[PDB]
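Novice: Here you go, one structure.
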Amino acid sequence: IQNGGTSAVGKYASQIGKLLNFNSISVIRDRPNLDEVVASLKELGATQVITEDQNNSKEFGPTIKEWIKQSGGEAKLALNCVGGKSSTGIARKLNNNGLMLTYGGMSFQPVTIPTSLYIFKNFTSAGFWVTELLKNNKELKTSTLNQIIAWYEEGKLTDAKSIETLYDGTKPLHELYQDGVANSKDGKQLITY
Amino acid sequence: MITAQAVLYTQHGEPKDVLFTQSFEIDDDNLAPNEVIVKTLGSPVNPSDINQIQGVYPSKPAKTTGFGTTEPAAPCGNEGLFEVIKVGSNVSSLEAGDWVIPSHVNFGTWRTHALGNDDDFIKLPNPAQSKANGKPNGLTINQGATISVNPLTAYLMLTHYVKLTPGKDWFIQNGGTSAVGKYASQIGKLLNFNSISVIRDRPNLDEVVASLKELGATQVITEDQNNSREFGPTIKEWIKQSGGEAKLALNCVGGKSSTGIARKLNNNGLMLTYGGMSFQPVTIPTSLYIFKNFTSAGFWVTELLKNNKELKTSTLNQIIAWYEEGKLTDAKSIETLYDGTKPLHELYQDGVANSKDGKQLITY
Amino acid sequence: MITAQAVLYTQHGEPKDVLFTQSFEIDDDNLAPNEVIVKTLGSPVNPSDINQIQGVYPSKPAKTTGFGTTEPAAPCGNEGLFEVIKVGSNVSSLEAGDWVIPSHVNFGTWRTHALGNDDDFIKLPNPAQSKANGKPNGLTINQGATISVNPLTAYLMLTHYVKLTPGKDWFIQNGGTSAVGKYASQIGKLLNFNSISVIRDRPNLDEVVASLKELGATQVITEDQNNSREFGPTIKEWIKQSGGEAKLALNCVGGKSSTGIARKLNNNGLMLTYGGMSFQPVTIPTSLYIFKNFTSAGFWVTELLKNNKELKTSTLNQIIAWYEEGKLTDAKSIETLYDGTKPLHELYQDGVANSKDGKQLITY
Ligand SMILES: *O([C]1[C]([O])[C]([C]OP([O])(=O)OP(=O)([O-])O[C][C]2O[C]([N+]3=[C][C]=[C]C(C([N])=O)=[C]3)[C]([O])[C]2[O])O[C]1N1[C]=NC2=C1N=[C]N=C2[N])P([O])([O])=O
């Protein structure tokens with residue numbers, strides 16, 4: 001299960017999940033165009049998408065438990081990039097012996113986990129930082145790249161599709177980057193050469 | 001001299017039965033110092049206009065012979081947009097070319113022209129004036145013609161009765177796709193109130209829900225969900241998790257719908273009833289009164305604003321501002337242009353009969 | 001040691017199904033300094049007591065093993081008159097022979113004895129004390145045992161919400177034959193309020209109408225008259241002749257009855273719903289809210305008085321004084337004496353089943 005469901009990472013995790021045949025739940029904030037965002041995430045491989053309101057809901061909990069039982073499996077892993085209530089909700093959805101990895105933190109919000117989960121459900125909460133993990137681990141870095149590469153253009157993985165702007169002398173280089181920073185909300189910005 | 005046309009009745013009844021068109025003359029060379037002649041640009045058909053003609057609405061213009069009929073006759077329609085075509089010497093508040101609405105109900109807006117006093121009207125900025133004053137948008141004819149009932153109604157119910165804490169508290173309303181409903185959702189977004197809109201189910205529910213959320217509803221549920229024992233706790237969670245409370249219910253349906261929305265309020269809730277879906281009384285469980293300190297009251301914009309020019313002004317000014325700034329949108333009316341090839345009253349009769357198609361605006 | 005009996009339940013449900021009698025022991029030798037032991041003289045069956053047992057009344061005693069059961073069990077009854085039989089050495093507020101009621105709800109009054117502190121009780125003057133203090137009357141057991149809920153309810157509804165002009169204004173109430181209805185009629189007479197009581201038709205209608213008029217109802221109508229459009233103008237005549245207005249409606253029935261009494265109010269009226277004697281919801285026509293500015297609210301004496309001990313005391317004192325002065329009489333009860341041959345819970349079960357006959361008081 002993961003929050004920040006529309007994030008770039010979120011979108012890759014949904015795909016990789018599908019390739020590895022891992023079932024997944026993406027949590028996203030509600031919006032007027034919910035149906036379209038939900039469809040896009042399911043196309044990428046999210047098995048189920050829920051809102052944060054649904055994530056907050058004691059009433060909805062049993063519905064998620066049914067999904068997991070039906071697959072003859074268990075929710076073993078939570079990926080948190082939001083914090084606060086959202087981190088609380090995704091943690092609660094794990095079966096016993098679950099792990100949360102926190103790899104980001106949207107705006108001020110601490111990772112907030114019910115005591116009962118740690119004591120009675122053997123829950124563990126840890127961090128993830130790709131840089132630190134791979135600093136002195138080139139064998140692991142390259143092994144993972146080799147698989148991403150193979151899936152790439154075996155045609156099995158789809159990149160997130162960037163808005164590119166050519167450095168072609170039309171504008172100075174830093175102005176290209178300055179615009180992509182100012183234009184982050186439109187999507188991932190790639191400067192090409 | 002101006003030849004004008006007015007939709008009248010001499011006896012209450014159904015619009016299909018009792019309306020007729022009267023020609024009459026307005027003397028444009030003989031204005032008293034405070035008099036104003038206006039020419040109608042458009043006027044809508046609202047349920048209250050119909051109920052007034054029917055004789056079941058306790059606010060109505062007097063029947064007089066002033067349009068040149070033998071029998072005393074009443075005019076029709078309570079809101080509309082007019083253009084000022086001439087003013088008397090002591091009129092400083094209006095000029096030829098200005099846009100106005102009636103300052104009071106019972107003016108009679110289903111007609112081509114009218115003679116009144118300057119205090120019979122309220123100035124709205126015309127498009128030219130709005131653009132000259134630096135605003136990004138001028139009002140449309142539909143926006144001016146329909147500004148006086150439904151937008152003021154939504155604004156006042158939401159702000160005049162209980163103070164909803166911005167960012168936290170909730171109102172709930174039925175008739176979610178009604179004109180007032182859609183204004184209230186927008187006002188809730190604008191003022192930062194959370195809201196639940198209750199609507200009827202339909203084949204294109206996905207599209208309507210998205211539309212209402214874009215306008216500003218926080219949540220949209222069907223009437224089946226409003227009635228549902230199973231669904232009830234999900235709503236209580238929305239409110240609880242927000243840190244606010246559901247303090248106000250807006251009711252325009254009555255019956256089971258009114259029951260359902262009442263039950264979704266926290267303790268010390270207030271319901272305002274401002275409309276009904278035909279013969280369906282307001283129905284509230286006894287338990288809400290006794291154990292939850294519920295209160296149900298009424299809202300009638302006509303009565304509230306009758307002797308409150310200050311409140312009417314302040315409210316109207318804000319709605320005008322939002323239209324000029326592009327922060328408020330009207331529902332599109334079905335417009336029928338009067339060109340003299342068909343009697344005016346028949347245009348209004350068709351509009352009444354076709355009310356289910358959508359809001360009817362007669363234009364000129 | 002005293003061997004007492006308490007009426008208990010371990011699970012919510014109908015009194016006929018869930019009630020039983022538990023024998024328990026109280027130590028009446030060697031009282032703690034602040035402790036007080038009381039014997040019941042009588043306790044009534046009120047609808048609230050029954051709703052508590054049924055589990056549809058959100059204020060109730062905890063289920064505990066404190067009466068010597070293995071399953072957690074709740075006592076029954078919120079109202080009753082008790083005689084003090086022994087007090088501890090640091091108790092001066094109370095002495096042997098004193099009359100008391102519980103100071104708080106959820107005491108459990110359907111039982112023979114209790115042990116608490118002096119703050120668990122409120123002293124009422126006993127007949128001997130009233131006469132010694134120079135009063136022409138003292139309280140009866142029924143009057144003491146029913147003083148705490150229904151008279152305060154009637155008094156507060158009539159005085160605490162809207163001010164009726166003495167000698168002019170009206171209230172209208174349904175459930176006119178209820179104990180609360182009977183106190184309201186008397187309090188109306190004492191404060192010089194005009195009133196209309198609505199009652200169900202019955203074979204002995206004339207006798208009932210006479211009783212209620214003697215109590216203080218100005219007019220008594222049936223529910224059929226309440227429903228009647230034809231009869232409405234007659235009521236309007238009464239009110240017009242008085243010079244006053246119908247400003248307040250008291251509803252303990254719901255459904256059509258609640259509709260009828262609301263319609264009889266003058267504009268800007270208030271209704272208080274304090275009960276729902278059929279399961280029917282409060283039903284109000286949309287037009288009353290919108291066009292007559294009607295307001296519908298709740299009343300719950302338990303909630304009103306929770307943090308309003310001054311208001312409780314003042315109200316109770318007035319009822320006591322009126323009884324001592326001979327100005328108020330009790331809504332009469334059918335008394336059933338407990339004597340040990342039939343289990344206590346069965347007396348109360350019979351009382352619940354005979355509710356329709358009238359107020360029931362189990363005596364001791
Ligand atoms: O008509 C019935 C009686 O008039 C009436 C019941 O009378 P009662 O003496 O047994 O009951 P009371 O103790 O007076 O009070 C009963 C109702 O008031 C509510 N209450 C009281 C005190 C405090 C609270 C509060 N909110 O603070 C509330 C209580 O919950 C009761 O609802 O009822 C009449 N009745 C019975 N069935 C009826 C009906 N009227 C209309 N329709 C139906 N079905 P009678 O005399 O028998 O003909």
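Quick note on naming: the chains in the structure tokens go A, B, ... in the order shown, residues restart at 1 in each chain, and ligands are numbered from 1 in order of appearance.
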When the cut-off is 6 Å and you count only C-alpha atoms and all ligand atoms, which residues lie near ligand 1, shown as a PyMOL selection string?
Specialist: (chain B and resi 290) or (chain C and resi 46-48+150+153+175-180+200+252-253+274-278+299-301+355-356+358-359)
Novice: Write the selection just made, keeping N, CA, C and O atoms, as an mmCIF file, in the first residue's frame?
Specialist:
data_model
loop_
_atom_site.group_PDB
_atom_site.id
_atom_site.type_symbol
_atom_site.label_atom_id
_atom_site.label_comp_id
_atom_site.auth_asym_id
_atom_site.auth_seq_id
_atom_site.Cartn_x
_atom_site.Cartn_y
_atom_site.Cartn_z
ATOM 1 N N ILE B 290 -35.136 16.107 20.779
ATOM 2 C CA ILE B 290 -35.026 15.903 22.214
ATOM 3 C C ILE B 290 -33.554 15.703 22.601
ATOM 4 O O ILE B 290 -33.036 16.416 23.447
ATOM 5 N N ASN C 46 -42.347 6.321 34.313
ATOM 6 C CA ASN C 46 -42.405 7.380 33.314
ATOM 7 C C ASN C 46 -41.945 6.787 31.992
ATOM 8 O O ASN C 46 -41.195 5.823 31.989
ATOM 9 N N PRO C 47 -42.358 7.365 30.861
ATOM 10 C CA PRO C 47 -41.911 6.859 29.560
ATOM 11 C C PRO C 47 -40.393 6.794 29.443
ATOM 12 O O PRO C 47 -39.894 5.827 28.886
ATOM 13 N N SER C 48 -39.692 7.789 29.985
ATOM 14 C CA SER C 48 -38.234 7.819 29.967
ATOM 15 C C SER C 48 -37.604 6.588 30.650
ATOM 16 O O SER C 48 -36.586 6.069 30.201
ATOM 17 N N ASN C 150 -42.020 15.894 35.712
ATOM 18 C CA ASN C 150 -43.138 16.377 34.891
ATOM 19 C C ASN C 150 -43.554 17.812 35.245
ATOM 20 O O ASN C 150 -43.656 18.635 34.346
ATOM 21 N N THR C 153 -40.823 20.024 33.921
ATOM 22 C CA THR C 153 -40.905 20.022 32.471
ATOM 23 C C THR C 153 -41.980 21.007 32.015
ATOM 24 O O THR C 153 -41.730 21.832 31.157
ATOM 25 N N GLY C 175 -51.218 15.783 23.660
ATOM 26 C CA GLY C 175 -51.205 14.921 24.816
ATOM 27 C C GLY C 175 -51.808 15.550 26.072
ATOM 28 O O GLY C 175 -51.237 15.468 27.136
ATOM 29 N N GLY C 176 -52.952 16.186 25.932
ATOM 30 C CA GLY C 176 -53.565 16.977 26.996
ATOM 31 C C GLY C 176 -53.918 16.245 28.270
ATOM 32 O O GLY C 176 -54.021 16.858 29.317
ATOM 33 N N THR C 177 -54.157 14.940 28.172
ATOM 34 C CA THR C 177 -54.438 14.090 29.318
ATOM 35 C C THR C 177 -53.162 13.538 29.975
ATOM 36 O O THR C 177 -53.253 12.875 30.995
ATOM 37 N N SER C 178 -51.992 13.811 29.402
ATOM 38 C CA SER C 178 -50.713 13.348 29.998
ATOM 39 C C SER C 178 -50.500 14.039 31.350
ATOM 40 O O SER C 178 -51.127 15.058 31.624
ATOM 41 N N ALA C 179 -49.634 13.477 32.196
ATOM 42 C CA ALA C 179 -49.301 14.110 33.462
ATOM 43 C C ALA C 179 -48.674 15.483 33.198
ATOM 44 O O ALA C 179 -49.053 16.474 33.820
ATOM 45 N N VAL C 180 -47.766 15.549 32.231
ATOM 46 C CA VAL C 180 -47.166 16.825 31.835
ATOM 47 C C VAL C 180 -48.224 17.820 31.324
ATOM 48 O O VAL C 180 -48.207 19.000 31.682
ATOM 49 N N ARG C 200 -57.030 12.920 22.472
ATOM 50 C CA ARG C 200 -57.741 11.899 21.688
ATOM 51 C C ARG C 200 -59.190 11.758 22.142
ATOM 52 O O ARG C 200 -59.500 11.837 23.344
ATOM 53 N N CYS C 252 -45.921 16.470 22.362
ATOM 54 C CA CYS C 252 -45.395 15.174 22.789
ATOM 55 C C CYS C 252 -45.947 13.995 21.971
ATOM 56 O O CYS C 252 -45.796 12.846 22.394
ATOM 57 N N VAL C 253 -46.566 14.271 20.830
ATOM 58 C CA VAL C 253 -47.205 13.211 20.045
ATOM 59 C C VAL C 253 -46.528 12.963 18.724
ATOM 60 O O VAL C 253 -46.295 11.812 18.354
ATOM 61 N N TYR C 274 -41.158 17.636 23.128
ATOM 62 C CA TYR C 274 -40.607 17.031 24.340
ATOM 63 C C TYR C 274 -40.919 15.548 24.421
ATOM 64 O O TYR C 274 -40.456 14.873 25.319
ATOM 65 N N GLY C 275 -41.707 15.039 23.479
ATOM 66 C CA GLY C 275 -42.012 13.607 23.438
ATOM 67 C C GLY C 275 -42.556 13.167 22.087
ATOM 68 O O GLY C 275 -42.836 13.993 21.234
ATOM 69 N N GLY C 276 -42.708 11.863 21.892
ATOM 70 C CA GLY C 276 -43.245 11.331 20.640
ATOM 71 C C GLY C 276 -44.127 10.104 20.832
ATOM 72 O O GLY C 276 -43.768 9.018 20.433
ATOM 73 N N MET C 277 -45.308 10.310 21.396
ATOM 74 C CA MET C 277 -46.152 9.229 21.925
ATOM 75 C C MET C 277 -46.730 8.255 20.890
ATOM 76 O O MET C 277 -47.174 7.167 21.250
ATOM 77 N N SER C 278 -46.722 8.600 19.615
ATOM 78 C CA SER C 278 -46.542 7.510 18.642
ATOM 79 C C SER C 278 -45.194 7.663 17.984
ATOM 80 O O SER C 278 -44.645 8.749 17.960
ATOM 81 N N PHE C 299 -36.982 19.978 23.560
ATOM 82 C CA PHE C 299 -36.920 20.201 25.027
ATOM 83 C C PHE C 299 -36.580 18.921 25.691
ATOM 84 O O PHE C 299 -37.188 17.895 25.397
ATOM 85 N N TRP C 300 -35.596 18.967 26.592
ATOM 86 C CA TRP C 300 -35.190 17.785 27.328
ATOM 87 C C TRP C 300 -34.725 18.220 28.733
ATOM 88 O O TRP C 300 -33.634 18.749 28.895
ATOM 89 N N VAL C 301 -35.559 17.990 29.735
ATOM 90 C CA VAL C 301 -35.387 18.605 31.046
ATOM 91 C C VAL C 301 -34.050 18.162 31.657
ATOM 92 O O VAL C 301 -33.398 18.925 32.340
ATOM 93 N N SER C 355 -49.779 1.292 31.248
ATOM 94 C CA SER C 355 -49.476 2.698 30.958
ATOM 95 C C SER C 355 -50.676 3.468 30.394
ATOM 96 O O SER C 355 -50.917 4.617 30.776
ATOM 97 N N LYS C 356 -51.408 2.819 29.486
ATOM 98 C CA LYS C 356 -52.578 3.397 28.817
ATOM 99 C C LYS C 356 -53.694 3.809 29.774
ATOM 100 O O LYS C 356 -54.441 4.747 29.488
ATOM 101 N N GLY C 358 -53.239 5.170 32.652
ATOM 102 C CA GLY C 358 -52.804 6.414 33.261
ATOM 103 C C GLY C 358 -51.535 6.234 34.090
ATOM 104 O O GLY C 358 -51.054 5.113 34.315
ATOM 105 N N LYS C 359 -51.001 7.348 34.569
ATOM 106 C CA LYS C 359 -49.760 7.327 35.348
ATOM 107 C C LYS C 359 -49.805 6.250 36.419
ATOM 108 O O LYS C 359 -50.788 6.126 37.141
#
Novice: With only C-alpha atoms as the counted atoms, please give the residues lying no more than 12 Å from residue A:38, apart from itself and same-chain residues fewer than 2 positions off, as a list in words.
Specialist: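 Skipping anything fewer than 2 positions along the chain leaves residues 5, 6, 11, 25, 26, 27, 28, 29, 30, 31, 32, 33, 34, 35, 36, 40, 41, 42, 43, 44, 45, 46, 47, 48, 49, 50 and 51 of chain A.
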Novice: For chain C, which residues have at least one atom within 9 Å of chain B, if we go by only C-alpha atoms? Write them as a ChimeraX atom specification, please.
Specialist: /C:57-58,252,254-255,272-276,279-300,303
Novice: Stretch 144-308 of chain B: which residues are strand (DSSP E) by DSSP, as an NGL selection string?
Specialist: :B and (170-173 or 194-199 or 219-222 or 246-251 or 270-273 or 282-284 or 295-298)
Novice: How would the residues just picked look written out with N, CA and C atoms as a PDB file, in the first residue's frame?
Specialist:
ATOM      1  N   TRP B 170     -19.254  22.222   8.383  1.00  0.00           N
ATOM      2  CA  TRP B 170     -19.996  21.678   7.257  1.00  0.00           C
ATOM      3  C   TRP B 170     -21.400  22.191   7.212  1.00  0.00           C
ATOM      4  N   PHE B 171     -21.899  22.389   5.997  1.00  0.00           N
ATOM      5  CA  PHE B 171     -23.335  22.362   5.769  1.00  0.00           C
ATOM      6  C   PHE B 171     -23.659  21.186   4.878  1.00  0.00           C
ATOM      7  N   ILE B 172     -24.914  20.771   4.933  1.00  0.00           N
ATOM      8  CA  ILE B 172     -25.445  19.710   4.061  1.00  0.00           C
ATOM      9  C   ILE B 172     -26.699  20.273   3.410  1.00  0.00           C
ATOM     10  N   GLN B 173     -26.896  20.006   2.126  1.00  0.00           N
ATOM     11  CA  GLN B 173     -28.077  20.461   1.422  1.00  0.00           C
ATOM     12  C   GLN B 173     -28.627  19.364   0.528  1.00  0.00           C
ATOM     13  N   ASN B 194     -16.893  23.441   4.216  1.00  0.00           N
ATOM     14  CA  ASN B 194     -17.059  22.088   3.741  1.00  0.00           C
ATOM     15  C   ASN B 194     -18.543  21.861   3.491  1.00  0.00           C
ATOM     16  N   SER B 195     -18.884  21.001   2.540  1.00  0.00           N
ATOM     17  CA  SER B 195     -20.291  20.744   2.276  1.00  0.00           C
ATOM     18  C   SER B 195     -20.574  19.356   1.700  1.00  0.00           C
ATOM     19  N   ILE B 196     -21.759  18.847   2.020  1.00  0.00           N
ATOM     20  CA  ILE B 196     -22.328  17.655   1.376  1.00  0.00           C
ATOM     21  C   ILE B 196     -23.533  18.076   0.558  1.00  0.00           C
ATOM     22  N   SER B 197     -23.546  17.714  -0.714  1.00  0.00           N
ATOM     23  CA  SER B 197     -24.716  17.913  -1.554  1.00  0.00           C
ATOM     24  C   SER B 197     -25.397  16.579  -1.721  1.00  0.00           C
ATOM     25  N   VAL B 198     -26.693  16.550  -1.474  1.00  0.00           N
ATOM     26  CA  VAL B 198     -27.523  15.378  -1.724  1.00  0.00           C
ATOM     27  C   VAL B 198     -28.270  15.594  -3.022  1.00  0.00           C
ATOM     28  N   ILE B 199     -28.192  14.598  -3.921  1.00  0.00           N
ATOM     29  CA  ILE B 199     -28.823  14.682  -5.218  1.00  0.00           C
ATOM     30  C   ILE B 199     -29.541  13.378  -5.562  1.00  0.00           C
ATOM     31  N   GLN B 219     -18.424  16.750  -0.739  1.00  0.00           N
ATOM     32  CA  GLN B 219     -18.942  15.411  -1.017  1.00  0.00           C
ATOM     33  C   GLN B 219     -20.298  15.482  -1.673  1.00  0.00           C
ATOM     34  N   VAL B 220     -20.579  14.525  -2.555  1.00  0.00           N
ATOM     35  CA  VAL B 220     -21.877  14.416  -3.206  1.00  0.00           C
ATOM     36  C   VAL B 220     -22.389  12.979  -3.011  1.00  0.00           C
ATOM     37  N   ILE B 221     -23.595  12.859  -2.466  1.00  0.00           N
ATOM     38  CA  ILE B 221     -24.244  11.577  -2.246  1.00  0.00           C
ATOM     39  C   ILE B 221     -25.610  11.562  -2.911  1.00  0.00           C
ATOM     40  N   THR B 222     -26.107  10.371  -3.216  1.00  0.00           N
ATOM     41  CA  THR B 222     -27.448  10.248  -3.758  1.00  0.00           C
ATOM     42  C   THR B 222     -28.438  10.255  -2.617  1.00  0.00           C
ATOM     43  N   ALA B 246     -21.063  19.481  11.520  1.00  0.00           N
ATOM     44  CA  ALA B 246     -22.121  19.712  10.543  1.00  0.00           C
ATOM     45  C   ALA B 246     -23.155  20.485  11.317  1.00  0.00           C
ATOM     46  N   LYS B 247     -23.232  21.785  11.042  1.00  0.00           N
ATOM     47  CA  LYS B 247     -24.037  22.717  11.812  1.00  0.00           C
ATOM     48  C   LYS B 247     -25.320  23.221  11.155  1.00  0.00           C
ATOM     49  N   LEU B 248     -25.396  23.116   9.852  1.00  0.00           N
ATOM     50  CA  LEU B 248     -26.482  23.740   9.094  1.00  0.00           C
ATOM     51  C   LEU B 248     -26.964  22.755   8.008  1.00  0.00           C
ATOM     52  N   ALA B 249     -28.277  22.562   7.889  1.00  0.00           N
ATOM     53  CA  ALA B 249     -28.884  21.818   6.769  1.00  0.00           C
ATOM     54  C   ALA B 249     -29.780  22.741   5.976  1.00  0.00           C
ATOM     55  N   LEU B 250     -29.635  22.742   4.667  1.00  0.00           N
ATOM     56  CA  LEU B 250     -30.507  23.487   3.778  1.00  0.00           C
ATOM     57  C   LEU B 250     -31.474  22.532   3.097  1.00  0.00           C
ATOM     58  N   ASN B 251     -32.770  22.746   3.313  1.00  0.00           N
ATOM     59  CA  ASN B 251     -33.798  21.829   2.820  1.00  0.00           C
ATOM     60  C   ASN B 251     -34.750  22.478   1.834  1.00  0.00           C
ATOM     61  N   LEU B 270     -28.978  23.280  12.928  1.00  0.00           N
ATOM     62  CA  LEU B 270     -30.041  24.074  12.403  1.00  0.00           C
ATOM     63  C   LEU B 270     -30.391  23.689  10.972  1.00  0.00           C
ATOM     64  N   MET B 271     -31.674  23.475  10.728  1.00  0.00           N
ATOM     65  CA  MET B 271     -32.171  23.287   9.386  1.00  0.00           C
ATOM     66  C   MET B 271     -32.921  24.539   8.973  1.00  0.00           C
ATOM     67  N   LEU B 272     -32.632  24.997   7.769  1.00  0.00           N
ATOM     68  CA  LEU B 272     -33.431  26.009   7.106  1.00  0.00           C
ATOM     69  C   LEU B 272     -34.180  25.406   5.941  1.00  0.00           C
ATOM     70  N   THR B 273     -35.501  25.510   5.963  1.00  0.00           N
ATOM     71  CA  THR B 273     -36.323  25.096   4.835  1.00  0.00           C
ATOM     72  C   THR B 273     -36.657  26.322   4.001  1.00  0.00           C
ATOM     73  N   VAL B 282     -42.025  18.792   5.891  1.00  0.00           N
ATOM     74  CA  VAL B 282     -40.734  18.626   6.531  1.00  0.00           C
ATOM     75  C   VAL B 282     -40.910  17.584   7.622  1.00  0.00           C
ATOM     76  N   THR B 283     -40.124  16.515   7.550  1.00  0.00           N
ATOM     77  CA  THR B 283     -40.306  15.368   8.437  1.00  0.00           C
ATOM     78  C   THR B 283     -39.039  15.050   9.218  1.00  0.00           C
ATOM     79  N   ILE B 284     -39.108  15.257  10.516  1.00  0.00           N
ATOM     80  CA  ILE B 284     -37.927  15.189  11.366  1.00  0.00           C
ATOM     81  C   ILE B 284     -38.178  14.228  12.534  1.00  0.00           C
ATOM     82  N   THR B 295     -32.946  22.161  15.658  1.00  0.00           N
ATOM     83  CA  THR B 295     -33.897  23.236  15.386  1.00  0.00           C
ATOM     84  C   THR B 295     -34.153  23.275  13.896  1.00  0.00           C
ATOM     85  N   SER B 296     -35.420  23.385  13.536  1.00  0.00           N
ATOM     86  CA  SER B 296     -35.790  23.617  12.145  1.00  0.00           C
ATOM     87  C   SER B 296     -36.546  24.927  12.043  1.00  0.00           C
ATOM     88  N   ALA B 297     -36.148  25.730  11.066  1.00  0.00           N
ATOM     89  CA  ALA B 297     -36.708  27.071  10.803  1.00  0.00           C
ATOM     90  C   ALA B 297     -36.893  27.253   9.310  1.00  0.00           C
ATOM     91  N   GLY B 298     -37.423  28.407   8.900  1.00  0.00           N
ATOM     92  CA  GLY B 298     -37.662  28.698   7.503  1.00  0.00           C
ATOM     93  C   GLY B 298     -36.801  29.817   6.965  1.00  0.00           C
TER      94      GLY B 298
END
Novice: Using only C-alpha atoms, select each residue of chain B with any atom at most 6 Å away from an atom of chain A, and give the selection as a ChimeraX atom specification.
Specialist: /B:210,213-214
Novice: For atom CA of residue B:10 and atom CA of residue B:66, determine how far apart the two atoms are, in Å to one decimal place.
Specialist: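 Atom-to-atom, atom CA of residue B:10 to atom CA of residue B:66, that is 12.2 Å.
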Novice: Write out as a ChimeraX atom specification all residues of stretch 198-330 of chain C that DSSP puts in helix (DSSP H, G or I) for this structure's backbone.
Specialist: /C:205-215,223-227,232-242,255-263,286-292,301-304,309-325
Novice: Any idea what's packed within 8 Å of stretch 176-190 of chain A, counting only C-alpha atoms, ignoring anything in its chain fewer than 5 positions away? Could you give it as a PyMOL selection string?
Specialist: chain A and resi 160-165+167+171
Novice: Those selected residues, please, written with N, CA and C atoms and delivered as a PDB file, in the first residue's frame.
Specialist:
ATOM      1  N   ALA A 160       7.331   7.879 -17.324  1.00  0.00           N
ATOM      2  CA  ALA A 160       6.343   8.873 -16.931  1.00  0.00           C
ATOM      3  C   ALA A 160       6.067   9.984 -17.939  1.00  0.00           C
ATOM      4  N   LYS A 161       6.762  10.002 -19.083  1.00  0.00           N
ATOM      5  CA  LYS A 161       6.502  10.984 -20.162  1.00  0.00           C
ATOM      6  C   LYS A 161       6.781  12.447 -19.753  1.00  0.00           C
ATOM      7  N   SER A 162       7.985  12.930 -20.055  1.00  0.00           N
ATOM      8  CA  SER A 162       8.402  14.271 -19.639  1.00  0.00           C
ATOM      9  C   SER A 162       8.022  15.340 -20.683  1.00  0.00           C
ATOM     10  N   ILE A 163       7.845  16.576 -20.222  1.00  0.00           N
ATOM     11  CA  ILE A 163       7.790  17.741 -21.107  1.00  0.00           C
ATOM     12  C   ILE A 163       9.233  18.189 -21.374  1.00  0.00           C
ATOM     13  N   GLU A 164       9.699  17.982 -22.599  1.00  0.00           N
ATOM     14  CA  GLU A 164      11.069  18.332 -22.924  1.00  0.00           C
ATOM     15  C   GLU A 164      11.179  19.729 -23.522  1.00  0.00           C
ATOM     16  N   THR A 165      12.305  20.381 -23.257  1.00  0.00           N
ATOM     17  CA  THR A 165      12.682  21.590 -23.971  1.00  0.00           C
ATOM     18  C   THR A 165      14.155  21.518 -24.375  1.00  0.00           C
ATOM     19  N   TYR A 167      17.791  22.570 -25.429  1.00  0.00           N
ATOM     20  CA  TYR A 167      18.781  23.633 -25.379  1.00  0.00           C
ATOM     21  C   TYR A 167      19.287  23.779 -26.827  1.00  0.00           C
ATOM     22  N   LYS A 171      17.161  30.149 -25.945  1.00  0.00           N
ATOM     23  CA  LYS A 171      17.343  30.792 -24.636  1.00  0.00           C
ATOM     24  C   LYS A 171      18.553  30.199 -23.881  1.00  0.00           C
TER      25      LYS A 171
END
Novice: Quick one: pull the distance between atom CA of residue B:263 and atom CA of residue B:242, Å, one decimal.
Specialist: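 These atoms are spaced 18.1 Å apart.
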Novice: Could you list, as number ranges by chain, every residue within 9 Å of stretch 157-159 of chain A, counting only C-alpha atoms and ignoring same-chain residues fewer than 3 positions away?
Specialist: A: 12, 15-16, 19, 44, 148, 151-154, 162
Novice: Near residue B:122, within 12 Å and counting only C-alpha atoms, which residues show up once chain neighbours fewer than 4 positions away are dropped, as a PyMOL selection string?
Specialist: chain B and resi 36+38+79-84+93-94+98-104+116-118+144+147-148+309+312-313+316-317
Novice: Between atom CA of residue A:80 and atom CA of residue A:100, what is the distance in Å, rounded to a tenth?
Specialist: 6.9 Å
Novice: If you count only C-alpha atoms, which residues fall within 10 Å of residue B:353, apart from same-chain ones fewer than 4 positions away, as a PyMOL selection string?
Specialist: chain B and resi 15-16+348-349+357
Novice: Considering only C-alpha atoms, return as a list in words whatever protein or nucleic-acid residues lie within 10 Å of residue C:60, sequence-local ones (same chain, fewer than 4 positions apart) excluded.
Specialist: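 The contact residues come out as residues 48, 49, 51, 52, 53, 55, 56, 74, 75, 76, 77, 78, 105, 106, 107 and 108 of chain C.
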Novice: Determine the nearest neighbour of residue A:55 from the options B:30, B:231, B:1, B:241, counting only C-alpha atoms.
Specialist: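 Looking at the shortest contact to residue A:55, the residue is B:241.
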